[PDB]
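J.: What follows is the file work.cif, containing mmCIF, N, CA and C atoms and all ligand atoms:
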data_input
#
loop_
_atom_site.group_PDB
_atom_site.id
_atom_site.type_symbol
_atom_site.label_atom_id
_atom_site.label_comp_id
_atom_site.auth_asym_id
_atom_site.auth_seq_id
_atom_site.Cartn_x
_atom_site.Cartn_y
_atom_site.Cartn_z
ATOM 1 N N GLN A 99 92.865 158.460 126.774
ATOM 2 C CA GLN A 99 92.230 159.030 125.590
ATOM 3 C C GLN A 99 92.545 158.228 124.332
ATOM 4 N N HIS A 100 93.822 158.093 124.012
ATOM 5 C CA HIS A 100 94.285 157.348 122.845
ATOM 6 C C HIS A 100 94.421 155.895 123.282
ATOM 7 N N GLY A 101 93.483 155.062 122.845
ATOM 8 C CA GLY A 101 93.342 153.736 123.401
ATOM 9 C C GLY A 101 93.906 152.579 122.608
ATOM 10 N N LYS A 102 94.438 152.802 121.413
ATOM 11 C CA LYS A 102 94.863 151.699 120.564
ATOM 12 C C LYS A 102 96.354 151.766 120.296
ATOM 13 N N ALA A 103 96.998 150.608 120.329
ATOM 14 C CA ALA A 103 98.388 150.468 119.938
ATOM 15 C C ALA A 103 98.457 149.489 118.778
ATOM 16 N N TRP A 104 99.565 149.527 118.047
ATOM 17 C CA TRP A 104 99.730 148.698 116.863
ATOM 18 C C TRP A 104 101.122 148.089 116.817
ATOM 19 N N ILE A 105 101.591 147.532 117.931
ATOM 20 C CA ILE A 105 102.968 147.057 117.984
ATOM 21 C C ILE A 105 103.154 145.888 117.026
ATOM 22 N N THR A 106 104.225 145.945 116.241
ATOM 23 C CA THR A 106 104.506 144.983 115.186
ATOM 24 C C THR A 106 105.928 144.471 115.334
ATOM 25 N N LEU A 107 106.091 143.160 115.252
ATOM 26 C CA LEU A 107 107.389 142.529 115.411
ATOM 27 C C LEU A 107 107.781 141.834 114.116
ATOM 28 N N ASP A 108 109.064 141.877 113.804
ATOM 29 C CA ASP A 108 109.575 141.314 112.565
ATOM 30 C C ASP A 108 110.609 140.234 112.875
ATOM 31 N N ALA A 109 111.305 139.787 111.833
ATOM 32 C CA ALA A 109 112.058 138.540 111.894
ATOM 33 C C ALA A 109 113.209 138.578 112.883
ATOM 34 N N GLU A 110 113.725 139.751 113.215
ATOM 35 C CA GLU A 110 114.806 139.808 114.186
ATOM 36 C C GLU A 110 114.285 139.823 115.612
ATOM 37 N N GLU A 111 113.154 140.480 115.847
ATOM 38 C CA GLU A 111 112.641 140.610 117.201
ATOM 39 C C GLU A 111 111.990 139.321 117.680
ATOM 40 N N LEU A 112 111.330 138.588 116.787
ATOM 41 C CA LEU A 112 110.761 137.307 117.191
ATOM 42 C C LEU A 112 111.842 136.275 117.454
ATOM 43 N N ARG A 113 112.877 136.246 116.622
ATOM 44 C CA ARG A 113 113.897 135.212 116.693
ATOM 45 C C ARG A 113 114.794 135.344 117.908
ATOM 46 N N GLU A 114 114.457 136.211 118.853
ATOM 47 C CA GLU A 114 115.220 136.333 120.083
ATOM 48 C C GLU A 114 114.335 136.282 121.320
ATOM 49 N N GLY A 115 113.032 136.092 121.153
ATOM 50 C CA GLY A 115 112.131 136.004 122.280
ATOM 51 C C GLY A 115 111.601 137.377 122.601
ATOM 52 N N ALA A 116 110.350 137.634 122.269
ATOM 53 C CA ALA A 116 109.792 138.976 122.355
ATOM 54 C C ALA A 116 109.140 139.143 123.719
ATOM 55 N N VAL A 117 109.738 139.973 124.559
ATOM 56 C CA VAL A 117 109.127 140.385 125.811
ATOM 57 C C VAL A 117 108.585 141.792 125.630
ATOM 58 N N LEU A 118 107.413 142.044 126.186
ATOM 59 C CA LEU A 118 106.777 143.349 126.173
ATOM 60 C C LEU A 118 106.539 143.718 127.629
ATOM 61 N N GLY A 119 107.408 144.557 128.168
ATOM 62 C CA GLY A 119 107.200 145.068 129.500
ATOM 63 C C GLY A 119 106.239 146.234 129.483
ATOM 64 N N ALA A 120 105.900 146.698 130.675
ATOM 65 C CA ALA A 120 105.055 147.870 130.823
ATOM 66 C C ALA A 120 105.759 148.911 131.675
ATOM 67 N N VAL A 121 105.655 150.169 131.263
ATOM 68 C CA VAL A 121 106.046 151.305 132.086
ATOM 69 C C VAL A 121 104.845 152.231 132.197
ATOM 70 N N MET A 122 104.395 152.480 133.416
ATOM 71 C CA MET A 122 103.160 153.211 133.649
ATOM 72 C C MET A 122 103.464 154.496 134.399
ATOM 73 N N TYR A 123 103.060 155.624 133.830
ATOM 74 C CA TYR A 123 103.136 156.907 134.514
ATOM 75 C C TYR A 123 101.741 157.294 134.980
ATOM 76 N N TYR A 124 101.602 157.554 136.275
ATOM 77 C CA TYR A 124 100.284 157.619 136.881
ATOM 78 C C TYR A 124 100.197 158.804 137.824
ATOM 79 N N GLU A 125 98.998 159.374 137.885
ATOM 80 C CA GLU A 125 98.634 160.287 138.964
ATOM 81 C C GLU A 125 97.235 159.936 139.431
ATOM 82 N N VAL A 126 97.107 159.569 140.698
ATOM 83 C CA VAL A 126 95.824 159.150 141.245
ATOM 84 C C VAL A 126 94.972 160.378 141.522
ATOM 85 N N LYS A 127 93.724 160.350 141.059
ATOM 86 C CA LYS A 127 92.810 161.462 141.265
ATOM 87 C C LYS A 127 92.732 161.804 142.744
ATOM 88 N N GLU A 128 92.333 163.032 143.039
ATOM 89 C CA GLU A 128 92.525 163.557 144.381
ATOM 90 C C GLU A 128 91.630 162.840 145.381
ATOM 91 N N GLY A 129 92.244 162.045 146.251
ATOM 92 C CA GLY A 129 91.564 161.472 147.390
ATOM 93 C C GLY A 129 90.970 160.104 147.179
ATOM 94 N N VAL A 130 91.221 159.471 146.052
ATOM 95 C CA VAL A 130 90.553 158.226 145.710
ATOM 96 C C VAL A 130 91.302 157.065 146.347
ATOM 97 N N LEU A 131 90.550 156.152 146.952
ATOM 98 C CA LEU A 131 91.098 155.035 147.703
ATOM 99 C C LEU A 131 90.416 153.775 147.197
ATOM 100 N N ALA A 132 91.182 152.883 146.580
ATOM 101 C CA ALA A 132 90.615 151.693 145.962
ATOM 102 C C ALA A 132 91.456 150.496 146.360
ATOM 103 N N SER A 133 91.039 149.319 145.905
ATOM 104 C CA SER A 133 91.805 148.101 146.129
ATOM 105 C C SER A 133 91.594 147.141 144.974
ATOM 106 N N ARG A 134 92.700 146.652 144.416
ATOM 107 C CA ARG A 134 92.696 145.602 143.398
ATOM 108 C C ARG A 134 91.876 146.008 142.180
ATOM 109 N N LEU A 135 92.160 147.192 141.668
ATOM 110 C CA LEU A 135 91.501 147.649 140.461
ATOM 111 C C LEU A 135 91.996 146.841 139.264
ATOM 112 N N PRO A 136 91.109 146.452 138.354
ATOM 113 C CA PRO A 136 91.524 145.678 137.185
ATOM 114 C C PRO A 136 91.952 146.550 136.017
ATOM 115 N N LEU A 137 92.911 146.033 135.261
ATOM 116 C CA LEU A 137 93.371 146.662 134.028
ATOM 117 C C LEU A 137 93.466 145.569 132.972
ATOM 118 N N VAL A 138 92.650 145.667 131.926
ATOM 119 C CA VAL A 138 92.488 144.591 130.956
ATOM 120 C C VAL A 138 92.747 145.118 129.552
ATOM 121 N N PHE A 139 93.677 144.481 128.847
ATOM 122 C CA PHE A 139 94.081 144.890 127.510
ATOM 123 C C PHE A 139 93.836 143.756 126.528
ATOM 124 N N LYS A 140 93.163 144.074 125.429
ATOM 125 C CA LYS A 140 92.801 143.095 124.414
ATOM 126 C C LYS A 140 93.910 143.010 123.376
ATOM 127 N N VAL A 141 94.482 141.824 123.212
ATOM 128 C CA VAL A 141 95.535 141.587 122.234
ATOM 129 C C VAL A 141 94.906 140.920 121.021
ATOM 130 N N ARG A 142 94.838 141.650 119.917
ATOM 131 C CA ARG A 142 94.354 141.123 118.652
ATOM 132 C C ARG A 142 95.538 140.888 117.735
ATOM 133 N N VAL A 143 95.647 139.680 117.204
ATOM 134 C CA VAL A 143 96.604 139.390 116.144
ATOM 135 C C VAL A 143 95.906 139.695 114.825
ATOM 136 N N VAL A 144 96.259 140.817 114.209
ATOM 137 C CA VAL A 144 95.550 141.255 113.014
ATOM 138 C C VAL A 144 96.155 140.650 111.755
ATOM 139 N N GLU A 145 97.460 140.580 111.696
ATOM 140 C CA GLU A 145 98.025 140.060 110.491
ATOM 141 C C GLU A 145 99.310 139.359 110.773
ATOM 142 N N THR A 146 99.387 138.091 110.448
ATOM 143 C CA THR A 146 100.655 137.419 110.607
ATOM 144 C C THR A 146 101.134 136.886 109.275
ATOM 145 N N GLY A 147 102.405 136.536 109.199
ATOM 146 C CA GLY A 147 102.958 136.073 107.945
ATOM 147 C C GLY A 147 104.111 135.117 108.131
ATOM 148 N N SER B 1 89.875 68.034 36.650
ATOM 149 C CA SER B 1 88.466 67.718 36.841
ATOM 150 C C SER B 1 87.846 68.635 37.880
ATOM 151 N N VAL B 2 88.676 69.138 38.780
ATOM 152 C CA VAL B 2 88.225 70.070 39.803
ATOM 153 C C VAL B 2 88.459 71.495 39.325
ATOM 154 N N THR B 3 87.546 72.394 39.666
ATOM 155 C CA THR B 3 87.699 73.817 39.376
ATOM 156 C C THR B 3 88.032 74.502 40.695
ATOM 157 N N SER B 4 89.315 74.760 40.916
ATOM 158 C CA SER B 4 89.778 75.219 42.218
ATOM 159 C C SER B 4 89.232 76.600 42.536
ATOM 160 N N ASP B 5 88.728 76.771 43.751
ATOM 161 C CA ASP B 5 88.431 78.107 44.253
ATOM 162 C C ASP B 5 89.734 78.685 44.770
ATOM 163 N N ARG B 6 90.298 79.610 44.003
ATOM 164 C CA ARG B 6 91.678 80.049 44.168
ATOM 165 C C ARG B 6 91.744 81.115 45.250
ATOM 166 N N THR B 7 91.857 80.677 46.500
ATOM 167 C CA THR B 7 91.970 81.599 47.625
ATOM 168 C C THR B 7 92.825 80.952 48.705
ATOM 169 N N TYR B 8 93.983 81.537 48.991
ATOM 170 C CA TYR B 8 94.847 81.130 50.091
ATOM 171 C C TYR B 8 94.894 82.274 51.093
ATOM 172 N N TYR B 9 95.391 82.007 52.297
ATOM 173 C CA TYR B 9 95.255 82.979 53.373
ATOM 174 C C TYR B 9 96.572 83.242 54.091
ATOM 175 N N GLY B 10 96.681 84.451 54.638
ATOM 176 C CA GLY B 10 97.727 84.774 55.585
ATOM 177 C C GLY B 10 97.148 85.600 56.716
ATOM 178 N N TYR B 11 97.795 85.522 57.875
ATOM 179 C CA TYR B 11 97.196 86.073 59.083
ATOM 180 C C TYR B 11 98.281 86.584 60.016
ATOM 181 N N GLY B 12 97.857 87.386 60.984
ATOM 182 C CA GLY B 12 98.745 87.870 62.024
ATOM 183 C C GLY B 12 97.933 88.490 63.137
ATOM 184 N N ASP B 13 98.598 88.726 64.264
ATOM 185 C CA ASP B 13 97.925 89.249 65.442
ATOM 186 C C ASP B 13 98.722 90.392 66.049
ATOM 187 N N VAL B 14 97.998 91.320 66.665
ATOM 188 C CA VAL B 14 98.572 92.505 67.287
ATOM 189 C C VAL B 14 98.162 92.510 68.751
ATOM 190 N N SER B 15 99.125 92.730 69.641
ATOM 191 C CA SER B 15 98.916 92.623 71.084
ATOM 192 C C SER B 15 99.096 94.003 71.705
ATOM 193 N N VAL B 16 98.000 94.640 72.091
ATOM 194 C CA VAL B 16 98.042 95.908 72.809
ATOM 195 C C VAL B 16 97.722 95.596 74.265
ATOM 196 N N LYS B 17 98.746 95.484 75.103
ATOM 197 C CA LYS B 17 98.480 95.076 76.476
ATOM 198 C C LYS B 17 98.335 96.240 77.447
ATOM 199 N N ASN B 18 99.369 97.057 77.584
ATOM 200 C CA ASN B 18 99.425 98.011 78.676
ATOM 201 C C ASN B 18 98.885 99.375 78.263
ATOM 202 N N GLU B 19 98.681 100.217 79.256
ATOM 203 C CA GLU B 19 98.407 101.627 79.047
ATOM 204 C C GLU B 19 99.720 102.398 78.986
ATOM 205 N N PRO B 20 99.773 103.503 78.252
ATOM 206 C CA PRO B 20 101.067 104.118 77.941
ATOM 207 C C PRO B 20 101.909 104.538 79.137
ATOM 208 N N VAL B 21 101.313 104.744 80.308
ATOM 209 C CA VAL B 21 101.984 105.483 81.372
ATOM 210 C C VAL B 21 101.513 104.969 82.724
ATOM 211 N N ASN B 22 102.384 105.077 83.724
ATOM 212 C CA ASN B 22 102.064 104.779 85.114
ATOM 213 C C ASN B 22 102.405 106.001 85.947
ATOM 214 N N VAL B 23 101.381 106.646 86.498
ATOM 215 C CA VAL B 23 101.560 107.859 87.284
ATOM 216 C C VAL B 23 101.703 107.433 88.739
ATOM 217 N N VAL B 24 102.913 107.064 89.125
ATOM 218 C CA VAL B 24 103.180 106.678 90.501
ATOM 219 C C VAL B 24 103.092 107.918 91.373
ATOM 220 N N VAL B 25 102.207 107.886 92.357
ATOM 221 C CA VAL B 25 102.020 108.994 93.279
ATOM 222 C C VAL B 25 102.739 108.673 94.578
ATOM 223 N N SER B 26 103.436 109.664 95.116
ATOM 224 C CA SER B 26 103.961 109.624 96.477
ATOM 225 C C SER B 26 103.502 110.920 97.124
ATOM 226 N N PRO B 27 102.400 110.892 97.859
ATOM 227 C CA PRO B 27 101.736 112.132 98.257
ATOM 228 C C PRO B 27 102.557 112.919 99.260
ATOM 229 N N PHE B 28 102.176 114.176 99.433
ATOM 230 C CA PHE B 28 102.901 115.077 100.307
ATOM 231 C C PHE B 28 102.076 115.427 101.537
ATOM 232 N N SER B 29 102.749 115.465 102.684
ATOM 233 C CA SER B 29 102.153 115.865 103.958
ATOM 234 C C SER B 29 102.866 117.149 104.345
ATOM 235 N N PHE B 30 102.358 118.265 103.862
ATOM 236 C CA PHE B 30 103.205 119.436 103.711
ATOM 237 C C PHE B 30 103.612 120.158 104.989
ATOM 238 N N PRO B 31 102.816 120.167 106.056
ATOM 239 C CA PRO B 31 103.360 120.662 107.328
ATOM 240 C C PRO B 31 104.616 119.906 107.718
ATOM 241 N N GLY B 32 104.814 118.748 107.109
ATOM 242 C CA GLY B 32 106.076 118.063 107.168
ATOM 243 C C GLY B 32 106.398 117.547 108.552
ATOM 244 N N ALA B 33 107.675 117.245 108.727
ATOM 245 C CA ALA B 33 108.200 116.838 110.015
ATOM 246 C C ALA B 33 109.270 117.833 110.421
ATOM 247 N N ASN B 34 109.391 118.050 111.727
ATOM 248 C CA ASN B 34 110.305 119.047 112.271
ATOM 249 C C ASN B 34 110.052 120.419 111.656
ATOM 250 N N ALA B 35 108.795 120.703 111.345
ATOM 251 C CA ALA B 35 108.399 121.992 110.807
ATOM 252 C C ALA B 35 107.112 122.399 111.495
ATOM 253 N N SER B 36 106.523 123.492 111.035
ATOM 254 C CA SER B 36 105.290 123.957 111.647
ATOM 255 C C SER B 36 104.572 124.902 110.705
ATOM 256 N N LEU B 37 103.273 124.690 110.550
ATOM 257 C CA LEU B 37 102.417 125.585 109.790
ATOM 258 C C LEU B 37 101.437 126.211 110.766
ATOM 259 N N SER B 38 101.424 127.532 110.818
ATOM 260 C CA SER B 38 100.579 128.269 111.737
ATOM 261 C C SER B 38 99.474 128.979 110.971
ATOM 262 N N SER B 39 98.456 129.401 111.707
ATOM 263 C CA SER B 39 97.339 130.105 111.101
ATOM 264 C C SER B 39 97.784 131.475 110.617
ATOM 265 N N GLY B 40 97.326 131.852 109.430
ATOM 266 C CA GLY B 40 97.748 133.097 108.832
ATOM 267 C C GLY B 40 99.162 133.112 108.308
ATOM 268 N N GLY B 41 99.903 132.019 108.440
ATOM 269 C CA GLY B 41 101.279 132.000 108.003
ATOM 270 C C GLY B 41 101.419 132.031 106.498
ATOM 271 N N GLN B 42 102.635 132.332 106.058
ATOM 272 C CA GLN B 42 102.963 132.455 104.648
ATOM 273 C C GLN B 42 104.308 131.796 104.397
ATOM 274 N N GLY B 43 104.424 131.089 103.275
ATOM 275 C CA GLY B 43 105.686 130.415 103.027
ATOM 276 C C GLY B 43 105.833 129.648 101.733
ATOM 277 N N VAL B 44 106.598 128.556 101.778
ATOM 278 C CA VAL B 44 106.816 127.691 100.624
ATOM 279 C C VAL B 44 107.006 126.264 101.117
ATOM 280 N N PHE B 45 106.543 125.308 100.319
ATOM 281 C CA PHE B 45 106.702 123.894 100.614
ATOM 282 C C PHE B 45 107.175 123.166 99.368
ATOM 283 N N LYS B 46 108.177 122.312 99.525
ATOM 284 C CA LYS B 46 108.788 121.689 98.361
ATOM 285 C C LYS B 46 108.858 120.185 98.538
ATOM 286 N N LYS B 47 108.471 119.458 97.496
ATOM 287 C CA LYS B 47 108.605 118.011 97.453
ATOM 288 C C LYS B 47 109.269 117.670 96.130
ATOM 289 N N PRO B 48 110.465 117.119 96.135
ATOM 290 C CA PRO B 48 111.177 116.900 94.872
ATOM 291 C C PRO B 48 110.600 115.774 94.031
ATOM 292 N N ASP B 49 110.084 114.736 94.675
ATOM 293 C CA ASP B 49 109.629 113.524 93.999
ATOM 294 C C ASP B 49 108.180 113.266 94.389
HETATM 295 CA CA CA C 1 112.723 145.230 113.735
HETATM 296 CA CA CA C 2 99.356 99.983 83.775
HETATM 297 CA CA CA C 3 98.739 136.457 106.550
HETATM 298 CA CA CA C 4 106.109 131.911 107.387
#
Starting from the file, lay out its structure as structure tokens.

T.:
Amino acid sequence: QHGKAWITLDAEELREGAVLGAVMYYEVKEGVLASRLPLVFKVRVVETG
Amino acid sequence: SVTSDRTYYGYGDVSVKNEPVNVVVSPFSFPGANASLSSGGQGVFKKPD
């Protein structure tokens, strides 16, 4: 539902190597059987300094 | 017997050779060396001479 994130990094977080892991909490709809479903996230750099 | 035309002369010269100033330029290549300028970046660049 809520599709946008706004993660922002500053001078301490960049200066140590910024890793962004993922933690996913999931419940598969009842009875659905798939293979190799894609998940695509658009990374926009909106403002840098 | 002669009626002298009474006129004697003095003279001098003025030498204006150069222009008042020499604006020696040593241009700046501001991304510099061992530095980096990125898109959207913000900062300062200094050239003493
Ligand atoms: Ca921080
Ligand atoms: Ca000159
Ligand atoms: Ca900027
Ligand atoms: Ca900067």

J.: With a cut-off of 8 Å, could you pull out the residues of chain B touching chain A and give me the nearest pair of atoms for each, distance in Å to one decimal, using all atoms listed in the file, ordered by chain and ascending number, as a tab-separated table?

T.:
residue	atom	partner	partner_atom	distance
B:39	C	A:146	C	6.5
B:40	C	A:146	C	4.4
B:41	CA	A:147	C	4.2
B:42	N	A:147	C	3.8
B:43	N	A:147	C	6.3

J.: Quote the spacing between atom CA of residue A:107 and atom C of residue A:119 in Å to one decimal place.

T.: 14.6 Å

J.: Counting only C-alpha atoms and all ligand atoms, what are the residues, protein, DNA or RNA alike, that approach ligand CA 2 (chain C) to within 10 Å? I want them as an MDAnalysis selection string.

T.: chainID B and resid 17:23

J.: The PyMOL selection byres (((not hetatm)) within 8 of (chain C and resi 1)) on the file shown: which residues, as a list in words?

T.: residues 106, 107, 108, 109, 110, 111 and 112 of chain A

J.: Kindly provide, as AutoDock Vina command-line options, the centre and edge lengths (Å, one decimal) of an axis-aligned box around all atoms of stretch 104-120 of chain A given in the file, with 8 Å on each side.

T.:
--center_x 107.4 --center_y 142.4 --center_z 121.8 --size_x 31.7 --size_y 30.3 --size_z 35.8

J.: Using the chain letters and numbers from this document, which residues of chain A does DSSP assign to alpha helix (DSSP H), as a PyMOL selection string?

T.: chain A and resi 109-112

J.: Pull N, CA and C atoms from the residues just selected and write them as a PDB file, keeping the file's coordinate frame.

T.:
ATOM      1  N   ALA A 109     111.305 139.787 111.833  1.00  0.00           N
ATOM      2  CA  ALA A 109     112.058 138.540 111.894  1.00  0.00           C
ATOM      3  C   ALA A 109     113.209 138.578 112.883  1.00  0.00           C
ATOM      4  N   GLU A 110     113.725 139.751 113.215  1.00  0.00           N
ATOM      5  CA  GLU A 110     114.806 139.808 114.186  1.00  0.00           C
ATOM      6  C   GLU A 110     114.285 139.823 115.612  1.00  0.00           C
ATOM      7  N   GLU A 111     113.154 140.480 115.847  1.00  0.00           N
ATOM      8  CA  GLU A 111     112.641 140.610 117.201  1.00  0.00           C
ATOM      9  C   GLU A 111     111.990 139.321 117.680  1.00  0.00           C
ATOM     10  N   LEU A 112     111.330 138.588 116.787  1.00  0.00           N
ATOM     11  CA  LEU A 112     110.761 137.307 117.191  1.00  0.00           C
ATOM     12  C   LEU A 112     111.842 136.275 117.454  1.00  0.00           C
TER      13      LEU A 112
END

J.: Working from the structure I just supplied, which lacks atoms in stretch 105-117 of chain A, can you model N, CA, C and O atoms there and output them as a PDB file, in the coordinates of the input?

T.:
ATOM      1  N   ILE A 105     101.591 147.532 117.931  1.00  0.00           N
ATOM      2  CA  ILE A 105     102.968 147.057 117.984  1.00  0.00           C
ATOM      3  C   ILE A 105     103.154 145.888 117.026  1.00  0.00           C
ATOM      4  O   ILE A 105     102.334 144.964 116.975  1.00  0.00           O
ATOM      5  N   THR A 106     104.225 145.945 116.241  1.00  0.00           N
ATOM      6  CA  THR A 106     104.506 144.983 115.186  1.00  0.00           C
ATOM      7  C   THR A 106     105.928 144.471 115.334  1.00  0.00           C
ATOM      8  O   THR A 106     106.860 145.254 115.525  1.00  0.00           O
ATOM      9  N   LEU A 107     106.091 143.160 115.252  1.00  0.00           N
ATOM     10  CA  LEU A 107     107.389 142.529 115.411  1.00  0.00           C
ATOM     11  C   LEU A 107     107.781 141.834 114.116  1.00  0.00           C
ATOM     12  O   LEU A 107     106.941 141.261 113.422  1.00  0.00           O
ATOM     13  N   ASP A 108     109.064 141.877 113.804  1.00  0.00           N
ATOM     14  CA  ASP A 108     109.575 141.314 112.565  1.00  0.00           C
ATOM     15  C   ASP A 108     110.609 140.234 112.875  1.00  0.00           C
ATOM     16  O   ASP A 108     110.771 139.811 114.019  1.00  0.00           O
ATOM     17  N   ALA A 109     111.305 139.787 111.833  1.00  0.00           N
ATOM     18  CA  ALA A 109     112.058 138.540 111.894  1.00  0.00           C
ATOM     19  C   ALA A 109     113.209 138.578 112.883  1.00  0.00           C
ATOM     20  O   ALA A 109     113.641 137.518 113.341  1.00  0.00           O
ATOM     21  N   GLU A 110     113.725 139.751 113.215  1.00  0.00           N
ATOM     22  CA  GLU A 110     114.806 139.808 114.186  1.00  0.00           C
ATOM     23  C   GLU A 110     114.285 139.823 115.612  1.00  0.00           C
ATOM     24  O   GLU A 110     114.896 139.220 116.496  1.00  0.00           O
ATOM     25  N   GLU A 111     113.154 140.480 115.847  1.00  0.00           N
ATOM     26  CA  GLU A 111     112.641 140.610 117.201  1.00  0.00           C
ATOM     27  C   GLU A 111     111.990 139.321 117.680  1.00  0.00           C
ATOM     28  O   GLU A 111     112.076 138.987 118.865  1.00  0.00           O
ATOM     29  N   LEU A 112     111.330 138.588 116.787  1.00  0.00           N
ATOM     30  CA  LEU A 112     110.761 137.307 117.191  1.00  0.00           C
ATOM     31  C   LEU A 112     111.842 136.275 117.454  1.00  0.00           C
ATOM     32  O   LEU A 112     111.753 135.518 118.424  1.00  0.00           O
ATOM     33  N   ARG A 113     112.877 136.246 116.622  1.00  0.00           N
ATOM     34  CA  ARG A 113     113.897 135.212 116.693  1.00  0.00           C
ATOM     35  C   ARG A 113     114.794 135.344 117.908  1.00  0.00           C
ATOM     36  O   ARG A 113     115.816 134.657 117.977  1.00  0.00           O
ATOM     37  N   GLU A 114     114.457 136.211 118.853  1.00  0.00           N
ATOM     38  CA  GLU A 114     115.220 136.333 120.083  1.00  0.00           C
ATOM     39  C   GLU A 114     114.335 136.282 121.320  1.00  0.00           C
ATOM     40  O   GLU A 114     114.842 136.428 122.436  1.00  0.00           O
ATOM     41  N   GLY A 115     113.032 136.092 121.153  1.00  0.00           N
ATOM     42  CA  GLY A 115     112.131 136.004 122.280  1.00  0.00           C
ATOM     43  C   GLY A 115     111.601 137.377 122.601  1.00  0.00           C
ATOM     44  O   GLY A 115     112.321 138.207 123.157  1.00  0.00           O
ATOM     45  N   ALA A 116     110.350 137.634 122.269  1.00  0.00           N
ATOM     46  CA  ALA A 116     109.792 138.976 122.355  1.00  0.00           C
ATOM     47  C   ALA A 116     109.140 139.143 123.719  1.00  0.00           C
ATOM     48  O   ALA A 116     108.122 138.516 124.017  1.00  0.00           O
ATOM     49  N   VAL A 117     109.738 139.973 124.559  1.00  0.00           N
ATOM     50  CA  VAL A 117     109.127 140.385 125.811  1.00  0.00           C
ATOM     51  C   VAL A 117     108.585 141.792 125.630  1.00  0.00           C
ATOM     52  O   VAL A 117     109.204 142.626 124.962  1.00  0.00           O
TER      53      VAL A 117
END
